[PDB]
Ligand SMILES: O=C1CC[C@H](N2Cc3c(OCc4ccc(CN5CCOCC5)cc4)cccc3C2=O)C(=O)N1
Ligand SMILES: [Zn+2]
């Protein structure tokens, strides 16, 4: 098996946030860590200015800014989870930005038990050294002698094997570290000093049984000195002979988990609760006492950073991050917190599903995201977005035209709108739209075109006539009518050249001052459908599409004589046709009423249409329309599924536009709406800017409780969501939540903190909670599915459950509840008591498969409307995971034991096919196909078992360090390689897995290696080290880092040429840069 | 109960003046070793398990005597072989009384292995080249997923309400995953060891190994199970899977029967109890050098007692033994033990030999 993994969506969860002077000494920076990503901003009055963002080949585990003696600005120390240490510097060389690596080395020890309080990394305030507590019984020291470019470092044995937190202190004759530890007597604080000179600890200034549950340590700066120690109940200062202590009522509620220093003084600190409380702690003065104020509520903070001007960065892992404003203990109101800005954080993605929501043939991902109030559904859609600036209700718009009403202003001030038998004119002044008359333009006739034309004039082309109007002193200066007064049926005009068409006939007029002169006439072999006349001054040809021969055609400049004449096929007519110019070539596009779009290369001199390709874009008819997007032209295909059409290296691309149907559009360049679009649909005119390239767009739906599983019932037009709110014993809520705020509501009729489970029913379009069904007291909802069973036509939400009692370890009882959502409410259609926890379920060939502890059990759905067992299968593992393909069944436990059962219809029971037991923690599994099984496993790895007598063992074909923790896999794709499996992750990264042909695998593997020679890596970390399956540590196999491959496009033109130097390539021969460019761009369009 | 529960584990019936050796020899993981093989001994030795021996044939007497000079470990093969366990000699006794040669050792199983080669020497003794199997250790289920702000709270102060606060504290980050705290608790060494300790507390009050591996191998030896499951347990490399598998065996398996007849209920789980510090079951050698793993229970049924009580060579000093056989098929199931002094408690009990038994789940 040959797989390709790529990032659809980088991790969003913040796990570190530091400030300092990194970019310049004169700039204040905020650095943010999002697992493998490092964002760098500059703090402003206006907010946060982004500056440089980079990935690492590493999970950022330590991130500290420091300034060693005689350096203009701060340097950044980072240590990864694989013990990659680096010192980094910000390098602006001209108009480009780069993060250069001053030093790097791997600080790992061969023999070492990693500490239970994780990696801790600290730098002394003189910047003599870096301390790393990596392992129990050891303290690693990296001296900061400027010659130490390899980060060579020594260890010192600690006596104390269970260290909790540790800092370096301020104001000491020598570098001194302070730390809480635990031995079988109790929890105490100690200090040592650190001599590089001796590579050893000397005993230090002071010591202390401190609070049972003391956890945090804070180095106080030099105005006082000393250390603050936070616990559950206490906050204790310590120093030589000085000592304070408090236990305010306000924090005994939830534990403090993050802190931050507000001023260099050390007067104030920000404290971070585990549930969102944000406190100040003030050091009152010398050092008299400690006051603690409760400032307000934030998102549940992983880290905090005071930014100055009373603004605070709140980094979160469980919900959105924030900038919040603080207020001083003001004369009128107590010090309080206000949310200034929110940044999206998808993770943790705990479950998701893919839904074709818009009906467009475009998947949308809907995730269960967040926890404990930060809980949320997130709707993730792929596309080009429209930034909307104005909206106008006007139904029945048939056409849009921008127009310059004042000839010595360089900018549109008019929008003209056609309706059935009716024309209307909107004038624009800044952002004020007013319908008005345009003298000379008729209003009781349907316009087919208007706009500016040569010799300082406006033209309007009605069904009745072709009016022509003076820019100055507007009035009619010309009119052209059809000989026997017949209606103009199709119209097309440019700068200086009209080509109307009447029924089967078509005339060709030209625009000259105060006169429109008839030049040609002609007939046509069937009725005329659509015209174009675009210059590529005056255009020497004219495109046509016709009604019966269903055919696109080119014509001559005045004669109207056929130049190419291609038959398009089928029974549906042309709807629009467009001669356009992409890249530096010329094309002809033509659209059918059924949604089909055919494109041809064009030859302006001869007329030769070449290389027909087809594509289908949204089944309603399609109007094509030219616009400018950054010094180049695109095409906007107004339809069911609106679409922009650009050309990336001489092959066209169809980025879809992120809107419900657009019928007509035109570009608009006003003073109030510069470089904009005007879109109309059946009910509304919209005015907006447009994004250049595609992106992922995230709609958020707050639940204010934990969502846990989700599935979609298309017939009901709604989502099932298992959720979980926390009440406290009386039992009452802590806040209003999705389940307590539902329209309709219910509770299951029967057979200190508490969890209460519900099945929410949420509207597909509006995401209103329509109903909230509460399960029993002590009942824990585990699994959810929405399916049809047996001969029954009705569709049901089915939930598996378990009965959790604190006395009981392994649950002895549970339920399989079948529900129907039919009225606004939810009917319990059937229970089924079961002697165990229902961990999983799956619709299985019209029957219900379901794990109950170690048993896999198949149920049929009776006409009596009850669940009846067919067969069973007792395992020697616990069936946590259940996935199927056809009659094949995949079972897994938490410990990476996997089975492969098969149903046998002729035999009535299940049979074992294959198995693999290999002890490791498994978080998710998926069936890639009948033979291959994708899984996620401990230390952020992906792995692939393959199927292929004593061949019921499963071969290990795939290994890869992802760097993310996968909760859910699910088959689907967010676009309109073989297969697509999306996965969601704890940091809110989303990834895609697909499969490759061996040929392609081999090519791309070579190319990774060529790439790794050429691409600068931040901590100088080898890509191979990074992707190595790690816990054992082995090279990755049968997995292509698509992120690596995609980075090819970002390298300079010569680095490409270097990468492809003597690369054998199929069609083999010596390959080009442009050969691989168009391959890699084909690979970007799977996600 | 007031019988000295350490008297059994010292095997005084061998004689109590043996030269001792400070037990410590551990071969490297995945290394290869050439170790001799005890002939004439068929058992599945578990790491940590004490194994007493009596050897007569002068080839056996030789190569032990040699082993005392050089490394003291030997191979104890688990038969149809592929897998076994090393055993280190920690006590030696030469004896030429009654005219005849005897060697008495006390070994202790140490490391599991895979067999590679088995060249049998011209002396008559097999010499097994041997791959030392590593002892699979995994981190906490939470270690990967864990919030770094919540690292600081992972160590706790050391009572069923305590286990709930433990479960809430330890597995809080289960909310990031797609499962509950109560599921992660079912794969938690410490929770699993405590649960096993409760079936151990009703057999009976002590201190046992902190280490999940050591604990798991200790409780493996208490289980009266057939030779084939013993091997299932041994092959399981992960201690967590071993502890869960042991919990299962302990809950499900509740009767014990005569292996030969297949339907004669000798005793129940309710009756199992511990007179050895080792546990309710342990290996003892008889006078002829046959090793018996003997599970002590309070009551037994359908046994016939033949011969008369004897204290000769008794494995439990103070008690005399009477041979017990299956009422139906005559199979030597074990021995009834009976007090010699009238104040000892308990007064009587049955010691039933593992090989003759067969654990069952009812219905
Ligand atoms: O608790 C228990 C339960 C009973 C168990 N016993 C006693 C016993 C015998 O008991 C007779 C006997 C005892 C002692 C000897 C002395 N040797 C020394 C070496 O050279 C041969 C003579 C000979 C025969 C004879 C045969 C087998 C067993 C047997 O399995 C046991 O050992 N301790
Ligand atoms: Zn019998």
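Please read every residue number as a count from 1 along the shown chain.
A Cβ is built for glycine as well, from the same backbone N, Cα and C atoms used for every other residue.
Feature annotation from Swiss-Prot across A:149, A:325, A:1013, A:1068 places SUMO2 cross-link at A:1068.
Per Swiss-Prot, the annotated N6-acetyllysine among residues A:152, A:288, A:709, A:1020 corresponds to A:1020. For residue A:1 (N-acetylserine), the nearest of the recorded positions A:1020, A:1068, A:1072 in terms of C-alpha separation is A:1068. A gap of 4 residues interrupts the model between residue A:536 and residue A:537, whose Cα atoms are 9 Å apart. Distance between Cα atoms for residue A:1072 (phosphothreonine) and residue A:1020 (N6-acetyllysine): 28 Å, as a whole number. Chain break remark: 4 residues absent between residue A:730 and residue A:731, end-to-end distance 5 Å (Cα atoms, rounded to whole Å).
For the recorded positions listed here (A:1020, A:1068), the lowest count of other CB atoms within 10 A around the CB belongs to A:1068.
Note on the modified residues A:1, A:1072: the fewest other CB atoms within 10 A surround the CB of A:1072. Across the fold, the C-alpha of residue A:1068 (SUMO2 cross-link) and the C-alpha of residue A:1020 (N6-acetyllysine) stand 35 Å from each other. In the three-state DSSP reading, residue A:1072 (phosphothreonine) counts as coil. With 8 residues left out of the model between residue A:285 and residue A:286, the distance spanned by their C-alpha atoms equals 5 Å.
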